[PDB]
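Before any questions on how it binds or moves, here is one chain, the form deposited in one PDB entry, in structure tokens.
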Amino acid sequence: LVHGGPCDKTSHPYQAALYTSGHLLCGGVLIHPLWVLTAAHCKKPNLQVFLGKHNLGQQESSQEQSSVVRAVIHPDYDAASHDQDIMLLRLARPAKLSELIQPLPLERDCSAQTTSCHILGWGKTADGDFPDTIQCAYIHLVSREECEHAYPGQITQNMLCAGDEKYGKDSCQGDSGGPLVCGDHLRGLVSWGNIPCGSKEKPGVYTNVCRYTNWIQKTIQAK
């Protein structure tokens, strides 16, 4: 995340860190004790999910680790266009909830009224480095018309745009799959956007979570 700052220790209990081959890969969102939501482009072998983390560099009493038993990529995911960039991960070990480990409810209304939005993650910062401490930034949803002009013929109804006109606060590589939180509800997932990261003109592109309500429920309630 570029142009943000360190999060308050107790404000991100839904945040997951996704690892592959012992290295941070993506962010994720805890949505149920057994399920983490992330982007489909975060699919890698033998993912390890870390919950209740703040600083990646140290062992924290609040942390919980789990391997993934099932990875469910949306059937209509299209890698080239990032369309329908969403995946559900079933945890081997259900999340032991605490003040620092809690699920985030989903936004179900695609026409939800404007609320304060924020993004968070351990992705690439302004200096080009990966932070040990989780970063946060307040951002705003961008009108679909403005986003379509920014990315001609690339924005589908399964995507939502967000950014910041003042400093260009934006999500980046490593934040992928992490949450776009609006009014204490999951509104989007970090998917793609401007490279180098910065949202002053080309806003960040997020998977539009409200479109996936039925698919998420059907996957979680399957078998």
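Heads up, when I say rigid core I mean the largest set of C-alphas that superpose within 1.5 Å between the two forms. Shifts are known only where both forms have a C-alpha. Position 1 is the first residue in the sequence shown; the rest follow in order.
If you look for the form deposited with a partner chain bound, you will not find it shown, but the lines that follow are about it.
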Original post:
Though the partner chain is not shown, can you say which of 102, 143, 116, 133 has a heavy atom within 4.5 Å of it in the deposited bound form?
Top reply: 102
**OP:** Answer for residue 108 alone: is it within 4.5 Å of the partner chain in the deposited bound form, judged on heavy atom distances?
**Re:** yes
Original post:
Can residue 53 be called a contact residue for the partner chain in the deposited bound form at 4.5 Å between heavy atoms?
Top reply: no
Original post:
Given that the partner is absent here, does residue 165 sit within 4.5 Å of the partner chain in the deposited bound form, heavy atoms only?
Top reply: no
Original post:
Is there a heavy atom of residue 184 lying 4.5 Å or less from a heavy atom of the partner chain in the deposited bound form?
Top reply: yes
Original post:
Superposing on the core, what residue ranges of at least 3 consecutive positions move by 2 angstroms or more in Cα between the shown form and the other one?
Top reply: 114 to 116
